[PDB]
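Down below is the structure, laid out as structure tokens.
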Amino acid sequence: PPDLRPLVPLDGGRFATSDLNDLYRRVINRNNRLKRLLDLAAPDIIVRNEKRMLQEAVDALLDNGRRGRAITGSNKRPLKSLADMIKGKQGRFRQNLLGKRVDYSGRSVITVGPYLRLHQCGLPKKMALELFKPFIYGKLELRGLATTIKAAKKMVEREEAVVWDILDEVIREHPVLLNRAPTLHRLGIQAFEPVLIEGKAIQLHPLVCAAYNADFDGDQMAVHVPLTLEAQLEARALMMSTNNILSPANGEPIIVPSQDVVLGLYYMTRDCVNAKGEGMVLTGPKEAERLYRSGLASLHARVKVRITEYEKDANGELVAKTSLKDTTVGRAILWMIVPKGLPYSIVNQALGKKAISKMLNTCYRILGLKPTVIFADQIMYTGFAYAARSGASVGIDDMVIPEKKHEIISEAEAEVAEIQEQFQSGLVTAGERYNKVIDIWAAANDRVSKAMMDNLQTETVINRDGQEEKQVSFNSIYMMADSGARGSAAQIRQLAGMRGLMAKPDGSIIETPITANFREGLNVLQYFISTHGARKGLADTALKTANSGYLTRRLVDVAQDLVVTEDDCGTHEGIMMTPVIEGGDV
Amino acid sequence: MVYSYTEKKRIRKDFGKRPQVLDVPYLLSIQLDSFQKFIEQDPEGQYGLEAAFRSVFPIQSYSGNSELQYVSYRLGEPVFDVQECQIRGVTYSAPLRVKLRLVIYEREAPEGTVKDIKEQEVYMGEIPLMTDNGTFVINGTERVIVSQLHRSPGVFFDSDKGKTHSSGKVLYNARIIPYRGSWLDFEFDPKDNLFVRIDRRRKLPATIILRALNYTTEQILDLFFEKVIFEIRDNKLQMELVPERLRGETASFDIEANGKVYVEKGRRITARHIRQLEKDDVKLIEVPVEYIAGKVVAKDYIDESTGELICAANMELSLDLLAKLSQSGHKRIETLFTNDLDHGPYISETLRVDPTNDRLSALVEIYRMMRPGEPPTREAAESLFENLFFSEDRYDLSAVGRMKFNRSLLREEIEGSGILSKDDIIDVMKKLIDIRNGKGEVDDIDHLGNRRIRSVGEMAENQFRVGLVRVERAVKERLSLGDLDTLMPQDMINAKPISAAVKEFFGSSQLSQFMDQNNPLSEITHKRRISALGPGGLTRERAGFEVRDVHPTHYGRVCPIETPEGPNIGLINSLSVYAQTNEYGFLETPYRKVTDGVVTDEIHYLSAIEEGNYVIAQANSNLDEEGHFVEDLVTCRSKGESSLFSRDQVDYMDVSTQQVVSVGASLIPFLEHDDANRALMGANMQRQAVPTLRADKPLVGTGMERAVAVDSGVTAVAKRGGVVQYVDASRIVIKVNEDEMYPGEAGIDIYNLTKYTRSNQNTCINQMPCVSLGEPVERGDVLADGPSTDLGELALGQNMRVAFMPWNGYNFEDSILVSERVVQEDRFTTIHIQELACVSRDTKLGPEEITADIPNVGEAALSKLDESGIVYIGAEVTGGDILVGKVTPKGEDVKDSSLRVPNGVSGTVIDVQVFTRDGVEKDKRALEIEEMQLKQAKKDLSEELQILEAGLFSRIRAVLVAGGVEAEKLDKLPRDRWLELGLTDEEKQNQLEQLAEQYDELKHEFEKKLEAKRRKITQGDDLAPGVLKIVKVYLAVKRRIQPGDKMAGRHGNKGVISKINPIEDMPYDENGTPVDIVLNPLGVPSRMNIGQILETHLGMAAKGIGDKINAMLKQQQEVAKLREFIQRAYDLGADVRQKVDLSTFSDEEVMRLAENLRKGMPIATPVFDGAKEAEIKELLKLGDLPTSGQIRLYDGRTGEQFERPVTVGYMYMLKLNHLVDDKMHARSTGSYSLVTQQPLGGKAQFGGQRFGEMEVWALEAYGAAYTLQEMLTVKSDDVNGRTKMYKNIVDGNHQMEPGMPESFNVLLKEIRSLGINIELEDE
Amino acid sequence: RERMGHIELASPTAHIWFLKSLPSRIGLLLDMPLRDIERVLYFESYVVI
DNA sequence: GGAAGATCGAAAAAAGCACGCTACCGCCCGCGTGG
DNA sequence: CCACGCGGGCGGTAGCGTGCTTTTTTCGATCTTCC
RNA sequence: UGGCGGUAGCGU
Ligand SMILES: [Mg+2]
């Protein structure tokens, strides 16, 4: 049909060329020429050539380039026939049919907003005004402010205050769906209850970011707006982030406190020995908060407080037990936001990342999802506030290099020299020499790492109303390492120990390791050696993305049909289940 | 050492201890040198246009006794200047006028003298010239051609890795690749049989080509195999024994001879036995008849009595065959030695498989293989074989190709013929057989010695040669058919194809790309970028892991750090700082020759191949004052391996510490304390940084910002030293010194700045003068800085007093909280310039006219319009406004097609440019622009006129006072009256007339120049066909910092703005100064960017020093104390290479330096020769700030005190070109596509977001189903559904009508358009 | 958009999806080699009926 | 006893190659006949 | 001497030629088991 | 208020 191969009116008298129109014109010209030749009774050779080139034209029209050369045009490249753009990645079957652009949609860069509840998101005023335009028009028509749609349009472009009030009424409980461009797993798209904010960026909840796998480094979110009641109820029931608490792959919780939040909790649970206010006896967490805010005590002080723990007994009733426990004031403050179901033992720890996750899991299992969401919001607020109050910072002086390390390196060199001497004497071969060199350097690296860890973990020495005593160090880098907010033992080892044995691109280990810390200078050769592994990993991920996408698409296509249709088969046949043992471990 | 006047204003405190022996060369040397070689006359040819002309010409007219040959070529002066070409919008090109000579030889006589010689200069097209800046100007746009990296022509002897055969046996293949022609591969098969493949067609037996080379089977056998002689004389079957031939073979008989039992039957040969054989060195050894059984006979022995051959060549011997030889009487039997491992009998088996037995048969087989489906012809086969390999024009190995061919085969002769010879193939296959036999090693393709860089000149020469042969065909045929009499050689040569090819290469090639003018570093990196893409290169997707790795030979040539992340990683790199190109094209690096133990200052440029032989020292290796290595055992590189070496066994040393990194990566301070990924992407974002309206010097730098700024063309570098005469925001006038005027010259240099000109990325390009009136200048000094430059120093971003601490979760992860004071000072506000175009194309129904009155338009909108019809300069139009009033003729009034402001775009109109075709009536604004340009040109001409006229009138005044001596009457009288003054009849009048005539001649010449400039301005610009008038309007807008904007530091930290917090909430120190930006420390420990902290500390120290200086400036302290403090600050450090002496500077110079240092002293830290922590601590101690680098901050929100000290200091931060206002887009009811009735895409088209396939998958993953139908039909492409949805939402009812998507109907109709019968069943 | 026309070919022509998409449906039905079918079809070789 | 079924190995052809977003360049056209 | 038209390919006695990988088909060449 | 291809670049 003509509309399916339109002649787009280009600027001026020019008309945009269509490949299908050119192919059809070629075919029609060929058919007319063949008809004329047949009518005039041309010699058999001429009509034979005409028929052959008509067949070639039919080849070009039906499927260009299938047999031989594809018929090109002014672009010196093959044209598009029916078959080429029916199939393919850009073909009509999978480009405008399986996934298509939609209206009532937008996109914008995102920023973190701490003052947002778990079920809320921040939408710009302009985005909300543009996306919800028909709803605003309808509400204005109902209100009688605008007599017709044109008047409502004029009022909207004029931006009165009544249009802002109408918009505020519209958005009240209208969820909007937010998603990322590389939506990999099921949790890639979730709905939120938007709230009007200033600025030009979409404020996103911090906890759900790990669900989206989207760091606030310039990533862009895409927002869609449901209209019909069924879509709104889908938004409130299944699109909601609150309902999405357990991952569908392994059942572990998807939301998990991370980064500054957990760090703050760490600073709220570490205990000193001679902190101001030690030995005080308080009656409740309220007095602990009073003392802390008044400046009469420090968060790391160890005191005794009267805790009224509420526990669940038979028939689910709550029983209160009051006991004079020994803890820190920070734990007493943390106890304020804990609901009335959890025991006090879930808080009287160092409050690492895994401890926080376990506490959240216990709260969800015991009290349910509804208290759990509020508890998560409260712990996020408290962690952010007390991380701000902590003032944790990283400095060059916080990076302590173990004193023995240099000496260790020296002895390692001595060792390798001896081994090298053997290869000079012919006692050992080159391969054994290299193996012994690698083993000696690995042992030296392990010793250096152990010495650095021993230096860092318990460096702080404190007077406690008398003689000196040891306690877990307050070094900031050690805080991030132990709390698990960000970083690992390997990274701290690279940071203040030694880089280690780097590898050649082929995979062979370099004979000599990088013996200089990141804190101190790195020579040219060591940096050049590390660049091999850096480029290796970067190229690995770059080529990995495409294969992962292709495998995901194939797996999705394979299992598209399988849905649950019945309750119970009644079959008595099932697979065997035994613990997997590969030998030496389960 | 004496400092330049531009350097005395601000001297950067530079750390580091290693002295520099080689200064940083010209960063744009490669492009300029390549183009200079390409466009210059070469007496020996082999380079540029001369080589192509000599290779192509002359042309024989099919034995027509008439040819034309090259004589000379010349490049004409460009018609338009670079600035004129940029403003007008045309291609900066130069004519190529080639003087040629056609000669018609005498007919009927092959050697007869030429009858007629027609010699003339033909205009053979125009070629684009390249500016001093290193960029080409194509169609009024600045484009850059990157240098490709491709495998060098020659022989590559490699092998498969062994997984192809799946049996653990590797296969060796030798590929001969030419610069032009067909590739030739010799490959081994699993059956140990050689095979030959031409142009990746079906393989053939290797001996087929040998037969085609007119080589007999005996010739091949003796060429590729050794010979053994068997003698049945004396009835003992004695054979000529070679002790080395008996190595590693089990004894099948008793080899005792001369009464000595070296080794007997049943005993495997031993090395002592071979030694005993060598000592005895017996010539011949008796042999049983069974031993010579499997040996193949090389000579096709024939019996003279019978006349028939006993056995053919390369035939396995047999007992009956041996008896036949014995009865024939032949005693000298020939055998081919076939060792199991030392000499593999692959050639014999390959010959056995070969079906062809003669030259004709082999040629027929080759013709069939190359040209399937065609009957074989002997002459056709001969022609095909000769053209495929032995033809000069078809197959041509380049000079670098021949050099590699000879080097790989150890031919020792660098020079050779371009064509491939028989001996070359013989040697190649012999070396392949040697590789198979176990001696020699295969080469590595990833080795940088096997890959060469092709610059712009070589590709331009190749394209020129292609066009030359294209026109050569035409001139050949025209000369062959046409009569040669009265033939004017102009019309044989047609410039259209060659010009089209050149234009296509320079404007649409795979490597010619628009340059990115974000900041001078961006242009420098783009001009020094090496890519592996383009013709004759790798593909973006089918690259492979091995090609994206960094080889150990990349040291000193390719930066391992700078590389675009993504699909192009590894395939695109940046040239090293000191790296240059050899004559053959292979990358080379400087090195210092080490003689004895002392490292001399001699510099040698070592290539990739030769670097692997000598031992290279380390740049960071300690050296004493004398030159010896203080450490006996030093780290070194040898054979591409890093290991410890002694003092004596080192031969070369690195020239400098920064020899490894590129120019872009070398600008990162404290690079040695940063992770490779972090540093790589930090440099990547450093490449993209929009210029701010106030450029601020970086407090912490690496010292090459001066070199980068000078080498880049953004600055205005003076060409001749002198004294500034007239400084202004637009023009600079330089009065050059007495030494530097050419005779008969004004000595006045006029530098015209570029003010608010659009870049290729819609960014501002502004130039601001830095010198003052009366300030002396010297050649090479900067006069006016460009974008992101301050006092001739690169300044990408701004110095912010930042701190590292969490703040209420706003810096949750990598997100940046920015104080409102930054917005107050507008430190990051950026000017963006957009350009809109309107074309008055001529239609068949009628032309288009730009007028003011438009049918049915609001008169209020016409207020911005003028009488001419273009918006006034300086208007504040917004979205939806009209710029130029254009109407177009209608069918059988005028339709309003006037250009309007795109929605969501605003700003101020800065200027309008008009282009008018010749003959079209000029417009009013065109007249205004032309008269403004004429006024500027006349002002420059008058600036020259004033000095010339002053000199001439001073000379005539001297003449008058010498003759008349009425000085008072002279000075009261006007100079024009001096001209007409008469004197007594001698030289007083003669010289007066001779000077008046010169004055008149000067006036006439300058009037002629003014007329020429007026003609140049007035001349109408050429336009596209059918186009009458083109109007371009430039708008500009200031974009300020808003939440969501992307700001990143140099070291690699990224993120977006989270909140513009009012200044009262910022943490404040004891002094009460706000702490400005606050970052998140959490990103530091994981992503290794520790160089941040140190830099931050250093930055703080720098500011502290400046603070002190500022104090001494505020209290009006005397110059002595300021000089002492500056000297103490500069002298700080241990064994620093810089020795600043403040005593030699004058008091004014010291005061100026102190004034420029009042905002902190810039610090230069080399890449690897950086400043240790001790120097930072000492500098902090000098500034009285705490040495720990952490202070006690007080919260401004609550007024409390933070428990732990936090890290604060001044850090350099940039602004990425990733603004938020141009990224947000939202649509409710927009336009729709014609074919699918679906919402469009793209912010510029007001389209809608794309619902991807994974989005549908996730929607099905949840239980939502009505939402999927919303996404699919109602909201996208169901027109009835769309209308009903809109009406229902307006009415308030949220009810749905499913409908039928139009895309499915489109697919149904198109499938029915074929022979398929897809349809609908009634049920 | 849902209205089509027909081109009346002067001579019969083969459909290419049923000819080049392996296995060749025309060749499989006729039980002849694909190369022979292609040579006969493109007006260069003759076939006996 | 030496041809037809089975096998093997090389050649040839088809098919794909994650997702968004941004910017610009060509959407005619040049040579050959009939009024 | 301009407007329609036509077929549109650069390059060259034609053939679409170049450092990916997997699957399917075909065809020639050979090995073998019986009419 | 007309979008169809191609090229290059950017973020995962
Ligand atoms: Mg990110």
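Computed over heavy atoms, backbone and side chain alike; hydrogens, waters and symmetry mates excluded. Order of the sequence lines fixes the chain letters, A, B, ..., with proteins taken first and strands second; residue numbering starts at 1 for each chain.
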For [X], which contact category applies under a 4.0 Å heavy-atom criterion: base, sugar-phosphate, or nothing?
X	answer
B:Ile198	nothing
B:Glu541	nothing
A:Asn29	sugar-phosphate
B:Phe156	nothing
B:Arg143	nothing
B:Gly1252	sugar-phosphate
A:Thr17	base
B:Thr539	nothing
B:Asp896	nothing
B:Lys1054	sugar-phosphate
A:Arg66	sugar-phosphate
B:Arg197	sugar-phosphate
B:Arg1250	sugar-phosphate
B:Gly1242	sugar-phosphate

Between E:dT25 (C1') and C:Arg35 (CZ): distance, integer Å
11 Å
Between A:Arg553 and B:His1225, just flag the one whose closest nucleotide in DNA chain D comes earlier from the 5' side.
A:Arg553
By nearest-heavy-atom nucleotide on DNA chain D, the more 5' of B:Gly1241 and C:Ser21 is C:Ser21
Contact between C:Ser24 and C:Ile37 at the side-chain level, heavy atoms closer than 4.5 Å - yes or no?
no
Contact check, side chains of A:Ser105 and A:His224, non-hydrogen atoms, under 4.5 Å:
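Sidechains of A:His224 and A:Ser105: in contact.
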Find the distance between CG (B:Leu388) and CG (B:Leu184) and round it off to the nearest 0.5 Å.
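So the gap between those two atoms works out to 8.5 Å.
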When the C1'-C2'-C3'-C4' sign is the only test used, does the sugar of [N] come out north or south?
N	value
D:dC27	north
D:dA18	north
D:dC17	north
E:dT13	south
E:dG28	south

State whether a side-chain donor-acceptor pair under 3.5 Å links B:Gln1238 with A:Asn96.
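No, no side-chain donor-acceptor contact under 3.5 Å.
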Say whether A:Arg33 and A:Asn29, considering side chains only, have a donor N or O and an acceptor N or O under 3.5 Å apart.
no
Stack test, strand neighbours E:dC16 and E:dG17, 5.5 Å, 30°:
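Under the 5.5 Å and 30 degree rule, these bases do not stack.
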Using the heavy-atom set of chain A and a strict 4.0 Å cut-off, write down the first and last nucleotide of DNA chain D that makes it in, 5' to 3'.
D:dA14 to D:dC28
Can you tell me, in whole Å, how much space there is between the [atom1] of [N] and that of [M]?
N	M	atom1	value
D:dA11	F:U12	P	45 Å
E:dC10	E:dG17	P	16 Å
D:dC28	F:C4	P	15 Å
D:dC25	E:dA14	P	38 Å
E:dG9	D:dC27	P	16 Å

Check this for me: does any side-chain nitrogen of one of [X] and [Y] sit under 4.0 Å from a carboxylate oxygen of the other?
X	Y	result
A:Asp11	B:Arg841	yes
A:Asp63	C:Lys20	no
B:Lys203	B:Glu187	no
A:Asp22	A:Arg25	yes
A:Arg67	C:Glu38	yes

Test: B:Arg548 cationic atom under 6.0 Å from B:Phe545 six-membered ring centre, within 45° of axis:
no
Is the terminal nitrogen or CZ of B:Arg151 (NZ for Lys, CZ for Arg) located under 6.0 angstrom from the six-membered ring centre of B:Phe156 and within 45° of that ring's axis?
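The answer is no; the distance or angle limit is not met.
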If you assign each of A:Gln220 and B:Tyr1232 to its closest nucleotide in RNA chain F, which residue comes earlier from the 5' end?
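Here B:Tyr1232 is the residue nearer the 5' end.
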A:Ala16 vs B:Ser509, nearer the 5' end of RNA chain F by closest nucleotide
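Counting from the 5' end, the first nearest nucleotide belongs to A:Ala16.
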One pair to check against side chain to side chain donor-acceptor pair (under 3.5 Å): B:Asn760 and B:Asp516. What are the steps and the verdict?
CA-CA 6 Å; B:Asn760 290 13; B:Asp516 39 358; over 6 Å; no
Syn versus anti for E:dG17, judged by chi lying within 90° of 0?
syn
Output yes when a side-chain donor or acceptor of A:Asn64 lies under 3.5 Å from a complementary backbone atom of A:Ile71, and no otherwise.
yes
If you walk 5' to 3' along RNA chain F, what is the first nucleotide with an atom under 4.0 Å of a heavy atom in chain A, and what is the last?
F:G2 to F:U12
Any strand is fair game: report the nucleotide pairing with D:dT22 by Watson-Crick or G-U wobble, both distances under 3.5 Å, or none.
F:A8
Can you list every stem that DNA chain E is part of, counting only runs of 3 or more consecutive Watson-Crick or G-U wobble pairs with both distances under 3.5 Å?
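Stem segments, range with range: D:1-16 with E:20-35, D:28-35 with E:1-8.
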Where protein sits on nucleotides 11-18 of chain E, one letter per nucleotide: B base, S sugar-phosphate only, - none, heavy atoms under 4.0 Å
SBSSSBBB
Using the ring pair (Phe, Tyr, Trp, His ring centres under 6.0 Å) criterion, which residues pair with B:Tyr395? Sequence neighbours excluded.
B:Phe389
Using ring pair (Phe, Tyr, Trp, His ring centres under 6.0 Å) as the criterion, list what pairs up with B:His526, not counting sequence neighbours.
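B:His526: no ring pair (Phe, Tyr, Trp, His ring centres under 6.0 Å) contacts found.
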Other residues, nucleotides, ligands: >12 heavy atoms within 6.0 Å of B:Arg368 CZ
no
